[PDB]
Amino acid sequence: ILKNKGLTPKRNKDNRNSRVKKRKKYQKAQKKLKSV
Amino acid sequence: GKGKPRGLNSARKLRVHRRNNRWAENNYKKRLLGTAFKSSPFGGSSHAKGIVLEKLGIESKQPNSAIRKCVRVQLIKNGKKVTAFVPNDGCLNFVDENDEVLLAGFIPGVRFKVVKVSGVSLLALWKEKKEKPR
Amino acid sequence: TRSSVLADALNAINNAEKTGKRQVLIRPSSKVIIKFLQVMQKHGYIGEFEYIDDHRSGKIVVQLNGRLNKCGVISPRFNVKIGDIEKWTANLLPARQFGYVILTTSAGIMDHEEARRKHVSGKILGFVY
Amino acid sequence: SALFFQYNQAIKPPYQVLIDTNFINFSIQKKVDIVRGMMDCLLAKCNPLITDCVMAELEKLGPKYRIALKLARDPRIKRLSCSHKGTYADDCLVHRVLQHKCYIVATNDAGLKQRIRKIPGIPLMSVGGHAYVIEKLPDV
Amino acid sequence: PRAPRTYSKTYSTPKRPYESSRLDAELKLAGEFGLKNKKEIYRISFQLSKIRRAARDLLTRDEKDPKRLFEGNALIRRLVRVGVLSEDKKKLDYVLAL
Amino acid sequence: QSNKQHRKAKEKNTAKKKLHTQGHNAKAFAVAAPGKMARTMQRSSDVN
RNA sequence: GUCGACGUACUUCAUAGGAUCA
RNA sequence: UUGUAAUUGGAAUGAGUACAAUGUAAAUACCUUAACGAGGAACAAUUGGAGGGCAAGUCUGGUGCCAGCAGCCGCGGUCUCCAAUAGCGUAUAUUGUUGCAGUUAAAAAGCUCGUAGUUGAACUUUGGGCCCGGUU
RNA sequence: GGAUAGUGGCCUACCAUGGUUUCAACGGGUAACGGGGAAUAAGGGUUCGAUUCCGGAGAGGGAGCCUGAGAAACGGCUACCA
Ligand SMILES: [Mg+2]
Ligand SMILES: [Mg+2]
Ligand SMILES: [Mg+2]
Ligand SMILES: [Mg+2]
Ligand SMILES: [Mg+2]
Ligand SMILES: [Mg+2]
Ligand SMILES: [Mg+2]
Ligand SMILES: [Mg+2]
Ligand SMILES: [Mg+2]
Ligand SMILES: [Mg+2]
Ligand SMILES: [Mg+2]
Ligand SMILES: [Mg+2]
Ligand SMILES: [Zn+2]
């Protein structure tokens, strides 16, 4: 009742901080380069 | 000669000729005469109020059909009757006969979508963040 | 009726260059035409030319060496300030240092580079490149 | 090694740009200088480069295109040698970009642009409207 | 009323944000330098665009022009001070190479 | 045999002649700043 | 009055061409 | 050697609370700072878009077992990815002087005369001989 | 000549018949306070400017005044209209 967030989708914790999300994306991209 | 004056003292003829000819544009004519909103769907407004007359697709068997999301609305400003979309049949439960609905631009022929009902956003109702006041 | 004799002269020169003629006849002559042709001569676009006197406006015979890409007149002769010269060079010339824009300034008829060096300006007569 | 997905991490200023035969025509038609127009578009020093195929292609054009031939021979425009028999410039230009990923391609032919587009990491410059435009160059 | 206080935008949206090569370049930049969002990259790009446009405009001026000399020397001094430009590259051409 | 169509001379009123077909000269009755009219007219319609 | 003319605002019909292959 | 953790170790810190001091006309706040303040760090980041999969379930059609629509509802019982990011979405709105075109697909008046307007042939001190002081 | 602080058809008496206009007068429209400025644009241009400064005008609508160096004042007065 307090926050009244209602019905919202499930969102990964990485969305809470953009820096962490981009860090993970870049490291994953590097692992993909090592295969290319 | 290109069919235009080129003399150094012919500024007046160039100005007057240009002014007479700008009226050929439809964009210019509408802009100056203030008739650019005749073509607008709401007659110059970005949103319109309406009265929900009936839910035409309430009875259609196939769920979430395009027909099921249409509602027949009467525009309050001029009384003309138009058709509007609802985001989904789940939202169609909130809309019922004889509520004021705020329409916005969008089965061909349906050019309007409902954004508010009874002064409350449908998306707010659909997300269970508000109650429709009656 | 004849409005700009310089336009006629420059057009005759351009047509003669196009057809590959080695020399062209210009009629009538004038001081402005002679000074324009002298500017072109100094810059090498045309060769020797000879003025024929017949107790009328006169005539000219110009030797052509095929080095002239285009010569033209800007009519009306717009008043050009020092700042406005660069605009005209950008508009009329295919490149920056390819050609010359000829001005009749208060110090005479001259190409635009001479005008900039002398710090003068005036009306614009035409271009050669 | 110079390409990061579709991003070329080797092309850096000053840029080396290959001049196509048709690029000069529209540069003249629009009264755009080759050296400065590229400077304005990219805000960097540009080294235009003319190969033997385009240069031979220009000479075959005829007297009408003398101005373009004069501009092509300006001393600032460096020359690139060719070690191949064919004189078709479009095939030559496609070849060089494949070998080494440092060149910008300045052209206006639709067909050649498509072939370069398929090659990854090749910035593709063109002249349209009033000045030059660069498509695939993130540093802009 | 009191006099206005000036404000300005330190970033701008790029002409075509959706270029795939551009997206990859921003990804690499953010990952390498640990940037929080694309706003920081846009900010640095806006600063660099301003600097290079100023340098180009000065270059358009004829050499020995007092305005060119004064402004170019000031700009090169600033760039050298912040460390972007090396000491040996004190010319406006290398400012365009940043 | 298909003869070539004769493009008829216009009898429909020209854009500069349509402006006088109504009671008055439509050109005379115009605002000084149509940009402000559009912005003000839109906001008023929302309030109405 | 499912009236005529005009003005205004819209809808719609006319897009495939060459080469190879089966 | 890649990915996933309501796994786990001890280090860091401000959102907030608050002696105090500073701040202020008096206050609030900022900058400082004792003492508190972190594992689901529940001290619970958002706004849009795309794509799935599941049933003894429901509807429609028919060259059998299928296809389309779609599926919070079934016998009992009370999910993944993409874009921006403290911001994001939705609706309306947003002529050529340089430099346009007029045979055959907008637009050359049936023709001529003619006022205003715009425009209007060439020519009048050119050349030559010296001196002075400046830049590169 | 009168009046004004003062020039002036500003008004009065007597005189002449003049003055503006296709280089657009006059009339009409203006969702017209003007400018410094704002946006866009490669350049020419196009649009916006009630709104931090300057100047003008108004204090519900017309009209007329006292006081005072200064007001046709309106957080001064008198009449009329609503
Ligand atoms: Mg002609
Ligand atoms: Mg006349
Ligand atoms: Mg004359
Ligand atoms: Mg009188
Ligand atoms: Mg205005
Ligand atoms: Mg007004
Ligand atoms: Mg104002
Ligand atoms: Mg007042
Ligand atoms: Mg009031
Ligand atoms: Mg008063
Ligand atoms: Mg009051
Ligand atoms: Mg007052
Ligand atoms: Zn080659």
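Chains as they are written, first to last, in PDB author numbering: chain NB, 544 to 579; chain SR, 2 to 107, 117 to 144; chain LE, 2 to 130; chain SL, 49 to 188; chain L9, 2 to 99; chain SI, 3 to 50.
All residues carry an ideal CB built from backbone N, CA and C; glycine is no exception.
DSSP, read as helix, strand or coil, puts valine 80 (chain SL) in coil. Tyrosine 43 (chain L9) sits away from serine 22 (chain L9), with the two beta carbons spaced by 8 Å or more.
Under the criterion of beta carbons closer than 8 Å, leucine 91 (chain SL) and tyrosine 151 (chain SL) do not qualify as touching, at roughly 19 Å.
The beta carbon of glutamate 51 (chain LE) is closer than 6 Å to those of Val62 in its chain, skipping five residues each way along the sequence. Residues of the segment 24 to 35 of chain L9 whose Cβ lies closer than 7 Å to any Cβ of chain SL, in chain order: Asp25, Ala26 and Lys29. Here the segment 18 to 32 of chain LE does not lie against the segment 81 to 92 of chain LE, with fewer than 3 beta-carbon pairs under 8 Å apart. Between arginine 97 (chain LE) and chain SL, the shortest Cβ-Cβ separation is below 8 Å.
Residue nearest to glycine 44 (chain SR) within the set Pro118 (chain SR), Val72 (chain SR), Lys81 (chain SR) and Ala134 (chain SR) is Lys81 (chain SR) (criterion: CA-CA distance).
In this structure, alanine 98 (chain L9) keeps its C-beta atom at 8 Å or more from the C-beta atom of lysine 184 (chain SL).
Residue range 123 to 129 is occupied by the beta strand (DSSP E) that includes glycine 127 (chain LE), with no alpha helix (DSSP H) assigned at that position. Within the segment 69 to 80 of chain LE, those residues whose Cβ lies closer than 9 Å to any Cβ of chain SR are, in chain order, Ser76, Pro77, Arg78, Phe79 and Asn80.
The beta-carbon of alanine 91 (chain LE) is placed less than 8 Å from the nearest beta-carbon of chain SL. Listed by position along chain LE, the residues whose Cβ is nearer than 8 Å to that of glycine 8 (chain SR) are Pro77. In the displayed model, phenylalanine 79 (chain LE) falls within coil according to three-state DSSP, outside both helix and strand.
Distance from the CA of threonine 16 (chain SI) to the CA of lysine 29 (chain SI), rounded to the nearest whole angstrom, comes to 14 Å.
Within the segment 2 to 31 of chain SR, the residues whose Cβ lies closer than 7 Å to any Cβ of chain SI are, in chain order, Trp24 and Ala25. For the segment 47 to 63 of chain SR, the set of positions with a beta-carbon nearer than 9 Å to some beta-carbon of chain SI reads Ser47 and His48 in chain order. Taken through DSSP and simplified to helix, strand or coil, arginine 17 (chain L9) comes out as coil.
Identification of residues in the segment 67 to 95 of chain SL having a C-beta nearer than 8 Å to some C-beta of chain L9 yields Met87, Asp88, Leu91, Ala92 and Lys93, given in sequence order. Going by DSSP, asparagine 27 (chain SR) is part of no beta strand (DSSP E) but of the alpha helix (DSSP H) stretching over 27 to 34.
In the DSSP annotation of this structure, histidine 48 (chain SR) is not part of any alpha helix (DSSP H); the continuous beta strand (DSSP E) holding it starts and ends at 48 to 55. The distance from the Cβ of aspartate 100 (chain SR) to that of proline 64 (chain SR) is about 23 Å, inconsistent with a contact at the 8 Å cut-off. Inter-segment contact for the segment 12 to 29 of chain LE and the segment 54 to 72 of chain LE is present: three or more beta-carbon pairs are separated by less than 8 Å.
The C-beta distance from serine 107 (chain LE) to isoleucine 83 (chain LE) rounds to 12 Å, too long to fall under 8 Å, and the pair is not in contact. Between the segment 53 to 68 of chain SL and the segment 144 to 164 of chain SL, the count of Cβ pairs shorter than 8 Å is three or higher; the stretches touch. One thing to note: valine 81 (chain LE) has its Cβ within 8 Å of the Cβ of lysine 124 (chain LE).
Residue pairing from DSSP places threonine 106 (chain LE) in a beta bridge opposite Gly109 (chain LE) and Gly123 (chain LE). Every beta strand (DSSP E) stretch that sits fully inside the segment 87 to 168 of chain SL and reaches 3 residues is listed by chain position as 94 to 99, 126 to 128 and 151 to 154. For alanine 34 (chain SI), the Cβ falls inside the 7 Å cut-off from some heavy atom of ligand 5. Sequence-ordered contacts of the segment 544 to 566 of chain NB with chain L9 read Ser561, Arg562, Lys565 and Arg566 [C-beta pairs closer than 7 Å]. When the beta-carbon positions are compared, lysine 36 (chain LE) and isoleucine 110 (chain LE) come within less than 8 Å of each other. Judged by DSSP in its simplified three-state form, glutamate 101 (chain SR) adopts strand. As DSSP reads the structure, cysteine 71 (chain SR) sits in a beta bridge with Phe86 (chain SR). Non-local beta-carbon contacts of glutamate 88 (chain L9) in its own chain, meaning distances under 8 Å to residues more than five positions away in sequence, involve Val81 in chain order. Between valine 102 (chain SR) and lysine 123 (chain SR), the CB-CB gap reaches or exceeds 8 Å. Beta-bridge annotation (DSSP): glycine 59 (chain LE) is not paired with any residue.
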